[PDB]
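Chemist: An experimental structure, sequence included, is below.
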Amino acid sequence: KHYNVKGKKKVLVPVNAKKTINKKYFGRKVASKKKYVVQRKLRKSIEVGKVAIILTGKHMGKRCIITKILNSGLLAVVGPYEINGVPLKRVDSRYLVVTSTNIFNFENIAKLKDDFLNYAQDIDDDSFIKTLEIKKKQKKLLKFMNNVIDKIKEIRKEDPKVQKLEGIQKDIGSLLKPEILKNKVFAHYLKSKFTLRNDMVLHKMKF
Amino acid sequence: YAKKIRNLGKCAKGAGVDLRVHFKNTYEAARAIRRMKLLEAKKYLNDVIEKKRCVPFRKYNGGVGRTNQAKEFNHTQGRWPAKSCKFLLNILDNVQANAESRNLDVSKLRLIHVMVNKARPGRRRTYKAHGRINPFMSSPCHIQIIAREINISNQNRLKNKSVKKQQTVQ
Amino acid sequence: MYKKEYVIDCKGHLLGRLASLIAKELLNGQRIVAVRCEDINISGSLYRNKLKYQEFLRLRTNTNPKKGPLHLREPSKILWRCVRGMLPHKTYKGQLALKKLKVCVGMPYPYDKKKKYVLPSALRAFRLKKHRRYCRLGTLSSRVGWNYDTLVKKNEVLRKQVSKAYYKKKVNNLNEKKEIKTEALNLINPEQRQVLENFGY
Amino acid sequence: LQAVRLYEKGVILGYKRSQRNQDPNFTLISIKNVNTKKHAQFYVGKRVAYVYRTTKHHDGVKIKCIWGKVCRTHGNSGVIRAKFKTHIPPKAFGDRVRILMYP
Amino acid sequence: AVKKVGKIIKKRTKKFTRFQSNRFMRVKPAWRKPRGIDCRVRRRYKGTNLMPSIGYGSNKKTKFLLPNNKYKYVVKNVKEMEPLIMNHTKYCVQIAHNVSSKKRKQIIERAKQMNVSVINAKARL
Amino acid sequence: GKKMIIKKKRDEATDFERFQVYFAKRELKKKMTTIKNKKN
RNA sequence: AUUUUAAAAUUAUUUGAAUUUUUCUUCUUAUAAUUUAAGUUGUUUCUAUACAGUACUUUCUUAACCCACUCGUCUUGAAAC
RNA sequence: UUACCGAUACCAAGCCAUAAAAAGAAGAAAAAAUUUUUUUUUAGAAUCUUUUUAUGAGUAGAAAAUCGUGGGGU
RNA sequence: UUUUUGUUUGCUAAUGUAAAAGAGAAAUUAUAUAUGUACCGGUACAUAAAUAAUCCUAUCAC
Ligand SMILES: [Mg+2]
Ligand SMILES: [Mg+2]
Ligand SMILES: [Mg+2]
Ligand SMILES: [Mg+2]
Ligand SMILES: [Mg+2]
């Protein structure tokens, strides 16, 4: 579904109407009369195999390769763990500076693209969002120090979705790693953290 | 008494009802005393009555002189208010007696609260000038003295953040 | 003005403009060490400048001159005064800014070895036409009873020799580095070398 | 290198101002190597964080931060106006601000 | 400043203090409007005390609502509680300052039965 | 002219290209350091 | 609790024309949905698996930026020497 | 010559009051639970309710609505 | 000087930063010219001339 008004062609995703609002003189009613929200539409830059910096998270400045545009809008990303240390991670387009560089423009790696695409497809949106039960379990540990952390980690590991994600990541690594390693400079780049320095002015940097 | 005490078993009180001494001088004396061991305070008072150590007049210091003794308290001005000291000495003695009556060793007693309030003034007349009567009031004071024997929330996200920070530091 | 401490070589600068430049920086929040303030310049003739300063001197407080306009007449102090003139120095912020400024005559114990910057917006070379009369601040100060001018000059001269010596060594080091680079461009890889060449190094 | 930059360094100057009227809803930020309107415009949407230290701990820490949006450039010389969630205090007026690369 | 909490907009958390109430004890802080030539507050010079005005008023819809979103109703007696059985979400009880401890307890009990909030349950607790 | 063109190149570089240059410099430094050591 | 309808617009169909021959060509015959109509909705975190904590709301207290002259009064005019 | 900064004026939107203007003596809406329960509302006070638009300086002065004190009847 | 843990009766355990995120950068000098180098201020030869539009220094973990 899409609407094409004044030449845009906007694309409509069906949304749910969660919030109830108090009606004027009798009882409650759902706020959103609207049923179909316009889709995010990512910028003409975010591709399927570009390296991108992750600006914001714990993995701050690590350059990771983009994996899947995730329907929801925010996209998946991997620093094929065993290369970089960034796992299969979901991230918004905004907390990424996608570079001009592309993995699938190197002559060696470009031929492994179909498999990568397939792997990406295998990933879903709901496989990231942690279920309530797990969260509850995690919380339950708060009634020593390092022990607690360990327990939390264990709990995280336990989740089936998480396990699946891990497996996927591993598969991706297997697919990708050796070629990347062989292109030594590129591998190094992937490993390294992007930093601003005096001289790197930022507004002039076409990266 | 104006203090907060908790255990009055370790305290020894003492008061003067309406002392016919100047509030200002006696206030100064009290200030000089306060937070002293009782015996030391007593000693000091005795010295001042025999004009050996001054009491430094820091607050009510209009016109008060410029003694050599005031150097001891990092100050220029001081006096040797005798009458005030005597009154104060009496009340210290009373306090000591009270302590004795209790089971408080007077060596370990600190003046925790030396309060001097001004009391209701006695009124007299002085005669001035072109047939004008003026007041010639005393400024008496109440003295209260108290000697006293002397010798969370974690959160999961927050925890995670902390751990991450620690890791980064490492 | 994002550095910790700018040293400003005040030689060849135009007093007022330089001061103005300093003041804004100070306000923003930036320690500034104005160094070599004997050589600041003023845009009038010398005599004119002297006259102005004489007039300034004349304005003391009639009643009791211990208070009232202090006629600080070391060139550094003059500079400082000028700077103050352009700050809201009767506030707290202004005061802080003022404090942040240090001024020196010649160059002493750290500021020999710090880099010395220059404000080209306030350079006499760029700001006065060469047929205009200017005046060295130090000379002016001397004329109005500073005295320690010759001494300062001597000190400067002494320092210059040291600087020259240091510079020779530096030059030698640079040359050595260059040589090493030349040697060790051949020993890297080819592609990397090519890349390096492409971007200047 | 322990810790990575990922922001442009900045100086929180005064508030938006007349000569003698205050307007504390906006602050003015100087961004390090940005000298013109045009260059300032690059940063216009970026998020700005004034992080600062305190003596007492708060959420178990001594550092807190107020966030802002960088609303608009501020006339010719690369200064930008930044609007913060809560107004920044004038205790801040010489201080460093971090202008993040997000968005 | 403006003090949003949710839909409650308060335009002015600061009280309007009487002009010069700060200077003389005899002048209490209770707002009094300065008459008098040359007042400066009356004349509204920059930097002086503000004058309360009808512009400051809260939106007709949220006006007497407390942070609770509930109109306060003061209650002296159980009988009075009854009007708010049919309004237990819109109104919240305050028990009158003069009500005795036993009576207060009783009132609190009644309120609990009604599901109606009591804003001063803790009095004499 | 040379310097201008170098500047232009620097301006127009990709992140990766910058990283490449950095890597190259590092390599050179290593080599350079070794040579210095040898000299000393 | 029927002007958050009607229509406009859009999408996918269906009948008939038009000269701007056009994957946005227009009108109109009918039908469904949609929002560009018909004033912000969603998603995910956090507060938080908390009963008050250092967070949150609030009072006071200090600073800081900017501003601010003693009110009353007679007076053309008062911060008034 | 541009660009900029710059008011309580201007503009857009919100909220208050005033003024005027429209206009007004019957009914299920939703969510959450698991087809039935629970959760809120289910309005109709004419000097009142809903909505609209404009406007808002002010001494002397005028008016209205409010607020409070001592006592009275209810 | 070094290490550890901390600063989450008036007191007797104890905290503050007008500014850390690479806060990097020592010729000198003239401005209708300078600077070196080598000889005797002079001569000859190099060198800079959008000079921080640069150079240095970062990531290669154990
Ligand atoms: Mg007047
Ligand atoms: Mg003023
Ligand atoms: Mg007259
Ligand atoms: Mg007056
Ligand atoms: Mg009016």
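Modeler: That came through, no problem. Numbering: from 1, shown residues only, chains lettered A, B, ... in the order given. Ligands and ions are numbered 1, 2, ... in the order given.

Chemist: going forward, measure contacts between C-alpha atoms and count neighbours the same way
Modeler: Fine.

Chemist: tell me which element the residue of chain D found nearest chain C falls in.
Modeler: Using CA to the nearest CA, the single residue of chain D nearest to chain C is residue D:94, 4.7 Å away. Using DSSP states H and E, residue D:94 maps to neither a helix nor a strand.

Chemist: which phi and psi does the residue nearest to it when sequence neighbours are not counted have?
Modeler: In space, and not counting its chain neighbours, residue D:94 is closest to residue C:29: 4.7 Å by CA to CA, 6 or more residues apart in numbering or on different chains. Dihedral angles of residue C:29 (phi, psi; degrees, to the nearest 10) stand at phi 120, psi 90.

Chemist: start to end distance for stretch D:79-86?
Modeler: 20 Å (CA to CA, to the nearest Å).

Chemist: if we look at it, which residues are touching it?
Modeler: Residues lying outside stretch D:79-86 but in contact with it, judged by CA atoms under 8 Å, 6 or more residues apart in numbering or on different chains, are D:16, D:25-31, D:34-37, D:40, D:44, D:48, D:66-74.

Chemist: at 7 Å instead, please
Modeler: In this structure, residues lying in contact with stretch D:79-86 by CA atoms under 7 Å, 6 or more residues apart in numbering or on different chains are D:25-31, D:40, D:66-74.

Chemist: Can you list the buried residues in it?
Modeler: Across stretch D:79-86, burial judged by 16 or more other CA atoms under 10 Å in any protein chain shown covers D:79, D:80, D:81, D:82, D:83, D:84.

Chemist: and what of stretch A:100-117?
Modeler: Under the neighbour-count criterion of 16+ other CA under 10 Å, stretch A:100-117 has A:100, A:101, A:102, A:103, A:109, A:113, A:116 buried.

Chemist: now do stretch E:77-90
Modeler: E:81, E:84, E:88, E:90.

Chemist: hey, where'd the helices end up in chain A?
Modeler: Applying DSSP state H to chain A gives helices spanning A:113-122, A:132-140, A:146-158, A:160-182, A:184-191.

Chemist: cool, and chain C?
Modeler: Counting by DSSP H, the helices of chain C are C:15-28, C:46-58, C:75-85, C:93-100, C:124-127, C:137-143, C:150-185, C:190-198.

Chemist: same question, chain F
Modeler: Under the criterion DSSP H, chain F contains helices at F:2-12, F:15-39.

Chemist: ok, residue A:173 to RNA strand G distance?
Modeler: 26 Å (CA to the nearest atom of the strand, to the nearest Å).

Chemist: burial measure for the closest residue to that residue other than its chain neighbours, as a count.
Modeler: Closest residue in space to residue A:173, ignoring its immediate chain neighbours: residue A:80 at 5.1 Å, by CA to CA, 6+ apart. Per other CA atoms under 10 Å in any protein chain shown, the neighbour tally for residue A:80 reads 26.

Chemist: again with residue E:103
Modeler: By the criterion of other CA under 10 Å, residue E:103 has 14 neighbours.

Chemist: so which strand or helix has it?
Modeler: helix E:101-114.

Chemist: same thing with residue B:91?
Modeler: helix B:82-101.

Chemist: what's the helix or strand for the nearest residue to residue D:8 once chain neighbours are set aside?
Modeler: In this structure, residue D:8 finds its nearest non-sequential neighbour in residue D:99, 5.2 Å apart by CA to CA, 6+ apart. Per DSSP H and E: residue D:99 is located in strand D:96-100.

Chemist: Can you name the residues that contact residue A:130?
Modeler: So residue A:130 contacts nothing (CA under 7 Å, 6+ apart).

Chemist: Can you tell me what sits against the helix holding residue B:91?
Modeler: So helix B:82-101 is in contact with B:12-16, B:21, B:25-26, B:29, B:42, B:45, B:48-49, B:106, going by CA under 7 Å, 6+ apart.

Chemist: try 8 Å this time
Modeler: B:11-16, B:19, B:21-22, B:25-26, B:29, B:38, B:42, B:45-46, B:48-49, B:105-106, B:145-147.

Chemist: got it, and stretch C:69-83?
Modeler: C:15-16, C:19-20, C:22-23, C:37-38, C:56-57, C:59-61, C:98, C:101, C:103-105, C:137-138, C:141, C:144-146.

Chemist: Which one of the residues in chain F is closest to RNA strand H?
Modeler: Nearest residue of chain F to RNA strand H, counting by CA to the nearest atom of the strand: residue F:11, 25.1 Å away.

Chemist: Just list the residues touching that residue, thanks.
Modeler: Contacts of residue F:11 by CA under 8 Å, 6+ apart are A:204, A:205, A:206.
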